[PDB]
Amino acid sequence: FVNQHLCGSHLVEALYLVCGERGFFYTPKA
Amino acid sequence: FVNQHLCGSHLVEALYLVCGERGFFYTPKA
Amino acid sequence: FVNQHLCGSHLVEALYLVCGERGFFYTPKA
Amino acid sequence: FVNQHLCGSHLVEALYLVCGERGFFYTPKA
Amino acid sequence: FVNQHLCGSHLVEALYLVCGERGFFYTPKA
Amino acid sequence: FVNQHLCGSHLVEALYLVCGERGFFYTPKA
Amino acid sequence: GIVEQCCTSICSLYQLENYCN
Amino acid sequence: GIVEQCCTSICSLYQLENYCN
Amino acid sequence: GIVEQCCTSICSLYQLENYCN
Amino acid sequence: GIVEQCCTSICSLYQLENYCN
Amino acid sequence: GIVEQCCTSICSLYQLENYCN
Amino acid sequence: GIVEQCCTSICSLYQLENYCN
Ligand SMILES: [Co+2]
Ligand SMILES: [Co+2]
């Protein structure tokens with residue numbers, strides 16, 4: 001696996017790929 | 001309704017869109 | 001709903017989510 | 001042809017790509 | 001496994017993610 | 001067809017649309 | 001959960017906001 | 001319309017440009 | 001327009017509904 | 001190939017890296 | 001956080017696994 | 001290359017066909 005530069009919805013896509021089934025939490029600092 | 005099905009990565013795209021800076025959780029087992 | 005920073009194809013994705021069935025018109029200034 | 005089916009948000013992605021600065025309309029009822 | 005099916009453009013999204021700077025090939029006939 | 005400004009995964013999406021079935025090679029300079 | 005509500009069934013964006021933090 | 005032409009059937013990119021403004 | 005605004009600035013989903021059919 | 005392995009069947013990300021250059 | 005890091009910098013997939021359920 | 005060009009500049013779809021198999 002390679003390092004990632006992921007902004008915006010691209011990071012939700014990478015989380016969804018990484019966690020699959022388990023799901024994930026998307027928690028931006030804000 | 002005539003509401004479309006959101007699946008997979010399109011379902012997390014749609015949560016990103018709706019929730020954005022609030023963050024969201026995606027938990028298919030829930 | 002949260003405000004959006006949407007560029008490029010990300011804005012067509014948000015339109016498609018928002019208008020669904022009705023469809024939409026994508027009309028960049030140019 | 002061996003042309004693939006473009007549905008949903010992939011169909012609007014493909015119109016964005018093709019049409020870009022000309023804009024396009026996406027009208028599923030048409 | 002509980003591994004999900006990756007099809008189409010989601011399959012190339014996932015290769016981009018995994019391979020990134022190494023590049024990848026996408027060859028459905030292979 | 002219009003010219004394209006495509007970065008990141010957006011360029012893999014455009015390749016996948018352009019080559020379809022034939023597939024493509026994604027080969028970033030690095 | 002969300003998958004049953006918005007992918008097997010259908011859900012509004014309003015409904016999608018039940019999964020916002 | 002486009003949905004019948006490119007999602008239920010199949011369409012080229014050439015055909016997709018019938019829906020450009 | 002809207003294309004430009006959401007990208008240079010910010011825009012709401014309710015502003016986007018002004019582009020539905 | 002990849003389509004049979006990861007879309008008709010299912011594949012890990014580990015497996016997806018068999019298609020990296 | 002992670003949102004911020006992957007975007008301003010870089011992040012690995014194994015860092016992202018820290019956000020799975 | 002092409003990766004770089006479409007992102008720093010612009011590129012056409014016909015330039016991208018040079019990357020199909
Ligand atoms: Co993007
Ligand atoms: Co899809």
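In what follows, chains carry the letters A, B, and so on, assigned in the order in which the sequence lines appear, proteins first and then strands, with residues in each chain numbered from 1. Below, all heavy atoms of this structure are taken into account, side chains as well, without hydrogens, waters or symmetry copies.
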Which atoms form the tightest heavy-atom contact between [X] and [Y], and what is the distance?
| X | Y | result |
| --- | --- | --- |
| D/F25 | D/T27 | CD1-OG1, 3.3 Å |
| A/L11 | K/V3 | CD2-CA, 3.3 Å |
| F/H5 | L/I10 | CB-CD1, 3.9 Å |
| L/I2 | L/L16 | CG1-CD2, 3.6 Å |
| F/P28 | E/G20 | CG-O, 3.6 Å |
| C/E13 | D/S9 | OE1-CB, 3.3 Å |

Would you say G/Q15's side chain and G/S12's backbone share a donor-acceptor pair under 3.5 angstrom?
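Present.
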Kindly say whether A/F1 contributes a backbone atom to a donor-acceptor pair with the side chain of J/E17 at under 3.5 angstrom?
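Yes; at least one donor-acceptor contact below 3.5 Å.
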Please assess F/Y26 against L/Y19 for the test side chain to side chain contact (heavy atoms under 4.5 Å, CB included), listing each intermediate value before the final yes or no.
CA-CA 7 Å; F/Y26 164 80; L/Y19 291 87; over 6 Å; no
State the [atom1]-[atom2] distance between [X] and [Y], to the nearest 0.5 angstrom.
| X | Y | atom1 | atom2 | result |
| --- | --- | --- | --- | --- |
| H/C11 | H/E4 | SG | CD | 11.5 Å |
| A/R22 | K/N21 | CZ | CG | 7.5 Å |
| F/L17 | L/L13 | CG | CG | 8.5 Å |

Do I/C6 and C/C7 have their SG atoms less than 2.5 Å apart?
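Answer is no: C/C7 does not pair with I/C6 in a disulfide.
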Are F/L15 and F/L6 close enough, and set up right, to give a side chain to side chain contact (heavy atoms under 4.5 Å, CB included), and what steps lead you there?
CA-CA 10 Å; F/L15 277 172; F/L6 300 167; over 6 Å; no
According to a 4.5 Å side-chain heavy-atom criterion applied to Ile, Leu, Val, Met, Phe, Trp and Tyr, with indirect links allowed, do I/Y14 and B/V18 form part of one hydrophobic cluster?
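Hydrophobic grouping puts I/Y14 with B/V18.
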Would you check if there is a donor-acceptor pair between the side chains of E/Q4 and A/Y16 at a distance under 3.5 Å?
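Present: a donor and an acceptor within the cut-off.
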